[PDB]
Number of protein chains: 2
Amino acid sequence: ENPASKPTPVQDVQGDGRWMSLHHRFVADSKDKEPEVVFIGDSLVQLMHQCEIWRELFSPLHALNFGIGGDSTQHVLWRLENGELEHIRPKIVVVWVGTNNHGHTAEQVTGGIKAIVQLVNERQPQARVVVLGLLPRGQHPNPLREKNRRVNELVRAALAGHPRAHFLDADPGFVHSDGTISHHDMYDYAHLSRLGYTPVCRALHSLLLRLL
Amino acid sequence: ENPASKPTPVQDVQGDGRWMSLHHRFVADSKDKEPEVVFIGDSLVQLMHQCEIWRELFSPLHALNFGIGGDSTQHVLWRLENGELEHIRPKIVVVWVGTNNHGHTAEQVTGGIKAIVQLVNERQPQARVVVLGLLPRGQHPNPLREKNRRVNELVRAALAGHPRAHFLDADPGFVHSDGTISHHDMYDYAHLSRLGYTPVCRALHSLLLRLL
């Protein structure tokens, strides 16, 4: 099995059960709401809801944010299969996950992303799927840069043949000429600040409005 | 040895070196700036800098924020010993760390917190030290609630005999009568939202202004 596309919850090894509380909240959201767009993935999704203005660009679109810090692809897959696509009929599902798949090869993470697009195509066949490219990370050149770039090539070539699956690279050019990422964009060289969110989100908003 | 008070960097098992980039940035901050207050600890410290308005309450105070998501006590201890207290002479150092010490007993985390106050008293003997109580976490009652409460009793009783060491519980009462924490306060039942930061930070600002 590709471990990236084998659905599995995050096991609580800390004791406060917060991942499963998050999941149950999103399930109840889906039971009770009628979104047109659902956002799912890791803390880049999750933190957009606070840390960026989601209210001005995305709230009008009738959007649920189901981001969980730390999730890998298999975690998202599990969540989509275990209640978060129930009782809804979005027009669009936005997927942003894969940068936390540590210990998986790029091909494996790509296999994880392809399994999420497949699940969404089966459980919510009317929806378009948007997959965001994995962003660069690390202050200087490093192997996760090259990993996430390779994921992005492989995913883009996989989605090229899919009428209603869209690859979006939302990277404005966070890697500079000197090879560096600025902490003004990414305060810890991976998570975006308000400034790093702005151009990402407006690339996303523009794609969403054409589609919608 | 108490593992909580044995200084040690976070080892990079991912490959992009971001923890050590963060540390080097803070070292350069300390070389080049002249803060009156330095904030150090985990992502509750770190995210206050974006996620709350640090600008209105804390920026006037000439404050550096040296928070790193995921740090335990021994990580903070290492950082304070390995350059982040160099070239400065703060009036106040604010410590908020211990909630990530998974696998350490409450007594051990307390031993970690006491070693950080001791380091700061030796390297920056003029500064007052403020230690923030560990906040509750988890949506419902769970063993990390009781752990962090016990840490807070033990730390408060340790700092009671210290003229210029101050324990501050900044918890407004995030645990409700029904036993629950609201996701309006803590979006993932551990990290604060803008709303959860407001009362925390104004408790902190008030203590700082008396002292200062």
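Chain letters run A, B, ... following the sequence lines, proteins first, then strands; residues in each count from 1.
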Closest non-hydrogen contact found for A/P143 with B/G15 is CD-O, 3.9 Å
If one checks every heavy atom of B/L144 against chain A at 4.5 Å, the contacting part turns out to be side chain
Interface of chain B and chain A, donor-acceptor atom pairs under 3.5 Å:
unit_1	atom_1	unit_2	atom_2	d
B/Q14	OE1	A/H102	NE2	3.4
B/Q14	NE2	A/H102	NE2	3.4
B/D16	OD2	A/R137	NE	2.7
B/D16	OD2	A/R137	NH2	3.1
B/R18	NH1	A/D188	O	2.9
B/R18	NH1	A/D188	OD2	3.3
B/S21	OG	A/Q139	NE2	3.1
B/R25	NH1	A/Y187	O	3.4
B/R25	NH2	A/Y187	O	2.8
B/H102	NE2	A/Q14	OE1	3.4
B/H102	NE2	A/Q14	NE2	3.4
B/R137	NE	A/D16	OD2	2.7
B/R137	NH2	A/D16	OD2	3.1
B/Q139	NE2	A/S21	OG	3.1
B/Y187	O	A/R25	NH1	3.4
B/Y187	O	A/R25	NH2	2.8
B/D188	O	A/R18	NH1	2.9
B/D188	OD2	A/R18	NH1	3.3

Honestly, the part of B/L47 sitting under 4.5 Å from a heavy atom of chain A is side chain
Most heavy-atom pairs under 4.5 Å with chain B, out of A/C51, A/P141, A/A190, A/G69, belong to A/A190
